[PDB]
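Student: Below you will find the structure I want to go over with you.
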Amino acid sequence: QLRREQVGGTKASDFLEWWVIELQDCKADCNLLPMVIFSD
Amino acid sequence: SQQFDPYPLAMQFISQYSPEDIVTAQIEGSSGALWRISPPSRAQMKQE
Amino acid sequence: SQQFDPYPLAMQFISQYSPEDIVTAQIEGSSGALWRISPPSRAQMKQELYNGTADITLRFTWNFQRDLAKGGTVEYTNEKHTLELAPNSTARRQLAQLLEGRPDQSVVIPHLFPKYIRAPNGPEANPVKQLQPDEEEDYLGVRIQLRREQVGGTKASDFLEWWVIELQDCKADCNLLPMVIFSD
């Protein structure tokens with residue numbers, strides 16, 4: 001998801017941007033990406 | 001362990017590691033910093 | 001091979017490497033990300049360029065990252081070609097003007113972009129002396145341009161900036177900086 005925030009004749013590149021990624025199946029944990037990692 | 005029941009595979013692999021030997025990375029998605037794209041490059045990306 | 005005819009030097013050096021052992025880095029110039037300079041620091045930079053006294057530097061560092069899966073003991077190699085911009089010299093006198101945000105003006109700096117770089121197993125990516133005798137005059141000239149985009153009582157630090165560098169002799173490849181790099 002591209003969250004977008006206005007600052008202030010371009011309407012596109014006039015203001016802030018950033019990216020937010022979530023798992024496809026998020027129940028209430030949209031701020032969460034678990035990633036189990038194995039260490040030998 | 002109990003969520004990979006059908007599988008002897010888990011016994012071969014998962015069992016090798018003590019439960020503390022394995023960690024999780026609760027990486028957040030929202031707190032990505034502001035994007036850095038120059039509007040020429042953003043326009044070219046949009047074109048492509 | 002055929003573009004270094006006079007030279008037995010090429011036979012000694014270039015021949016050592018299979019043609020696939022040598023790769024090119026089509027690094028783009030336009031797609032540099034937005035500049036990050038705090039307007040105190042930008043103003044201080046402008047001051048040092050405008051009425052500076054101590055001689056200033058402008059370095060240009062490359063850095064190659066290889067893969068360890070193919071063996072090897074080093075992962076990063078790098079070096080720099082430091083250049084000095086004399087006070088009241090033309091180069092600085094034009095960079096300073098460039099910083100004021102004029103639309104189309106630009107400057108060219110000579111001897112800044114070596115073309116053939118050896119990447120041996122040691123952390124010294126030394127330029128190959130043996131395709132270029134001068135070691136300082138055979139370097140290419142690069143063309144720096146400050147592209148500038150408005151957003152919106154300062155007229156200077158109110159809006160976006162970024163840098164775009166091109167070779168001095170660009171035919172139609174302004175988005176191209178070839179850089180032949182040698183791998184042992």
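By convention here, the chains of the structure tokens are called A, B, ... in the order presented, each chain's residues are numbered starting at 1, and ligands are numbered starting at 1 in the order presented.
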I need the contact residues of chain A against chain C, so if you could list those with any atom within 8 Å, counting only C-alpha atoms, and return them as a ChimeraX atom specification, that would help.

Tutor: /A:7-8,14-15

Student: Residues of chain C near chain B: apply a cut-off of 12 Å, count only C-alpha atoms, and supply the list as a PyMOL selection string.

Tutor: chain C and resi 28-36+147-151+160-164+175

Student: Sort by chain and increasing residue number a table of all residues of chain A within 7 Å of chain B, each with its closest pair of atoms and their distance in Å to one decimal, counting only C-alpha atoms, and write it as CSV.

Tutor:
```
residue,atom,partner,partner_atom,distance
A:13,CA,B:39,CA,6.3
A:17,CA,B:35,CA,5.6
A:18,CA,B:35,CA,4.8
A:19,CA,B:32,CA,6.6
A:20,CA,B:30,CA,5.0
A:21,CA,B:29,CA,5.2
A:22,CA,B:29,CA,6.3
A:31,CA,B:28,CA,5.3
A:32,CA,B:28,CA,5.1
A:33,CA,B:27,CA,5.5
A:34,CA,B:26,CA,5.0
A:35,CA,B:25,CA,5.3
A:36,CA,B:24,CA,4.6
A:37,CA,B:23,CA,5.8
A:38,CA,B:22,CA,5.1
A:39,CA,B:22,CA,6.0
```

Student: Leaving out residue C:169 and any residue of its chain fewer than 4 positions from it, which residues lie within 12 Å of it when counting only C-alpha atoms, given as a list in words?

Tutor: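 These residues fall inside the cut-off: residues 108, 110, 140, 141, 142, 143, 165, 173, 174, 176 and 177 of chain C.
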
Student: From chain B, collect each residue whose DSSP state is helix (DSSP H, G or I) and return the set as a list in words.

Tutor: residues 2, 3, 4, 8, 9, 10, 11, 12, 13, 14, 15, 16, 19, 20, 21, 39, 40, 41, 42, 43, 44, 45, 46 and 47 of chain B

Student: May I ask for the distance between atom CA of residue C:103 and atom CA of residue A:16, given in Å to one decimal place?

Tutor: 23.4 Å

Student: Just list as a list in words whatever in chain A DSSP marks as strand (DSSP E or B).

Tutor: residues 2, 3, 4, 5, 16, 17, 18, 19, 33, 36, 37 and 38 of chain A

Student: Find the spatial neighbours of residue C:58, counting only C-alpha atoms, within a cut-off of 12 Å - ignore same-chain residues fewer than 6 positions away - and output them as a ChimeraX atom specification.

Tutor: /C:49,80-86,91-92,95,109-112

Student: List the neighbours of residue C:122 out to 9 Å using only C-alpha atoms; skip same-chain residues closer than 6 positions along the sequence, and give me the result as a PyMOL selection string.

Tutor: chain C and resi 73-74+76-77
